[PDB]
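A short write-up of the structure that comes next.
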Amino acid sequence: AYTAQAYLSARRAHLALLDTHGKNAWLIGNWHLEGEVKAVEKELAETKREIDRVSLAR
Amino acid sequence: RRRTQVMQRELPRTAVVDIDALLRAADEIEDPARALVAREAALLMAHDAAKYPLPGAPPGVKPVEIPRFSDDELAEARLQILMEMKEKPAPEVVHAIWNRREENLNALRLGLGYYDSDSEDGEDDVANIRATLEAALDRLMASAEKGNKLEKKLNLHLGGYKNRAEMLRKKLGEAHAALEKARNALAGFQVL
Amino acid sequence: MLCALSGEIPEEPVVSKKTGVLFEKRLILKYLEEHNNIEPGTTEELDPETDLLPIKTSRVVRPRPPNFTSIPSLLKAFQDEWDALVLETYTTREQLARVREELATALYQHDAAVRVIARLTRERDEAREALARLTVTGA
Amino acid sequence: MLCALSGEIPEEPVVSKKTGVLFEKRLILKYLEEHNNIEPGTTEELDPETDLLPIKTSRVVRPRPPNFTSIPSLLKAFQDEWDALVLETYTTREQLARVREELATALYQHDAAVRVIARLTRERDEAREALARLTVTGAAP
Amino acid sequence: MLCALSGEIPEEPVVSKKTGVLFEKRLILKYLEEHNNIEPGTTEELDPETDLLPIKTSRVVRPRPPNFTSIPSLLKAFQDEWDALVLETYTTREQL
Amino acid sequence: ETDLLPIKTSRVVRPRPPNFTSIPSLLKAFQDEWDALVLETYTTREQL
């Protein structure tokens, strides 16, 4: 019961911290993920452009 | 300043203090100086509860009147007690005593405040452990209900953000796979 | 991550070989053309063609999103939680040791005060008996 | 040796230049951040950049038990260690609360003893003054 | 930018002086020790003491999910992640 | 006498032996296992 109460208190503290900083954390994570996806899409677009240039020359 | 020192200090002992039962227990003390000290401590606890009601305690506690005492008398009593005080034990000795207490008695037994040195009866210890377990179960149930409500509120708040993050991650993985396929196709096209 | 000057994710990040601070390519180029190729916050001069190195991210490995459910992220969170619990336990143990030392000193002082109170009560009883005897004899 | 803050051997320990107490770098940094540059066990301020010096020694090889050769057994061992640490922290908190309650009761008893000692001193002084007045008024043979 | 060795954002990023590939410092040191100080994916030798430049920037903080707020939930998530990593490694070996 | 500084020990915590059941040791072992698995997966991905 004491271990369960300690786990419940830790979960409550984590939930309080989440309610405090959830918007900031979600915004930062979404911005980082969007930046990584944009970088990957840019690399794929550059590779496709190089492939199209080689195909046109051939 | 006329109130009890424990009221103005930290770590309050009890929100609810019974002056009458504590005075009756003080009257049952065989030693007269100890009985007077216990009765004065009961009066001080009642005055602390009346003047400084802790959170959760009922209000309207009746204060107890006491005679005025000069600070010089208290200083003289403190000087007499210091003169009557013997050599103070070292911190290592007190630490060894605490370690021996925590080694002989169990750590969970020492943590429980109902495990007294004179309580050698297994029935009283079992009843105290059952009461402590019931209180801990009630507290854990209340904490679990509060945490469940908070988690439900947080999930209802952030489900859209979680779904958007999952969709973005899936799109990023598909884009990475397409980028690898396009790189392979570009290398093959250059060779061809 | 983030850029030092722009404050966002750089599309074409570069790293200074002297300071190791990442920056966007266009913003750092304009600053070097505007600040005589001197980095912001430092008096050192950075070469726009030599001190700047591009950053390349190969997509050979599977791209792991930086979520809290990631295995390295879970390990870091567990390490942080263990460190916080250890710090809380150390503070609680220090407070408990201070409280135990204070309680031992208070118990020794209470024993000395109880002895002094018993002596004072005996002296007061003897003085009251002497006063009663003097009042009875003093007719 | 073992770290002072944790009781276990740190992977990259540091030593204070004042008391010579070994500790972990991250734990000491977090404690200094939380306590506003206060050393553990004392009130003096030790700068981690200057007063804390690292120790350059060979890494101690921990003997891995044969039970920790699988993911599930290692996971169960880590879960048991975490549960034991959580139970130890809860027991330490309960023991600190009980010690605080006992110290509060002892302080209340000591304040009661001080008040009773002041009252007894006043009563004894009054009785001594009455006895002295009776002896002065009385004709001793 | 992300670490090329871990597939995610490195806590302590390091870049080669010639290749310019971001990677974790511990991963780069382990790869140099396990390949006689050679850059992975390249035929050029890499010096971790001189050619490796650390990156001094802020640390990316992952958003904590509401479900992942307990020690047992974290342990279950870690076990699921380890099982998924093992299954992915086995599937990658079979595909190779 | 000056360049050498002695090391003191504090008994605030209990003496934990350096076994395989330590939380920090388990974390370090898990990190090393993750790094080795990542290196193996990277080599397999390069070969693939």
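To be explicit about the labels: the chains of the structure tokens are called A, B, and onward in the order shown, and within each one the residues are counted from 1, while ligands get numbers from 1 in the order they are shown.
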
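When the distance limit is 9 Å and only C-alpha atoms are what count, the residues near segment 18-28 of chain C, minus those fewer than 4 positions from it on the same chain, are residues 2, 3, 4, 5, 6, 7, 8, 9, 10, 11, 12, 13, 14, 32, 33, 37, 39, 42, 44, 46, 48, 51, 52 and 54 of chain C; 53, 54, 55, 56 and 57 of chain E.
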
Using only C-alpha atoms, which chain F residues lie at most 12 Å away from chain D, written as a ChimeraX atom specification? /F:2-30,33-34

Enumerate as a count of residues only the residues belonging to chain C that approach chain B to within 8 Å, with only C-alpha atoms taken into account. 15

Calculated over only C-alpha atoms, which of the candidates E:75, E:60, E:85, E:52 has the smallest distance to chain F?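 Of E:75, E:60, E:85, E:52, the one nearest chain F, counting only C-alpha atoms, is E:85.
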
So that I can check the surroundings of residue 119 of chain D, please list as a count of residues only every protein, DNA and RNA residue that reaches within 12 Å of it, counting only C-alpha atoms and ignoring chain neighbours fewer than 4 positions away. 26

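Distance-wise, atom CA of residue 69 of chain D and atom CA of residue 78 of chain E end up 17.2 Å apart.
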
Just the residues within 6 Å of segment 134-150 of chain B, please, counting only C-alpha atoms, with nothing from its chain fewer than 2 positions along; format it as a PyMOL selection string. (chain A and resi 5+12) or (chain B and resi 131-132+152-153)

Going by DSSP on the backbone, which bits of chain F are alpha helix (DSSP H)? Write them as a list in words, please. residues 23, 24, 25, 26, 27, 28, 29, 30, 31, 32, 33, 34, 35, 36, 37, 38, 39, 40, 41, 42, 43, 44, 45, 46 and 47 of chain F
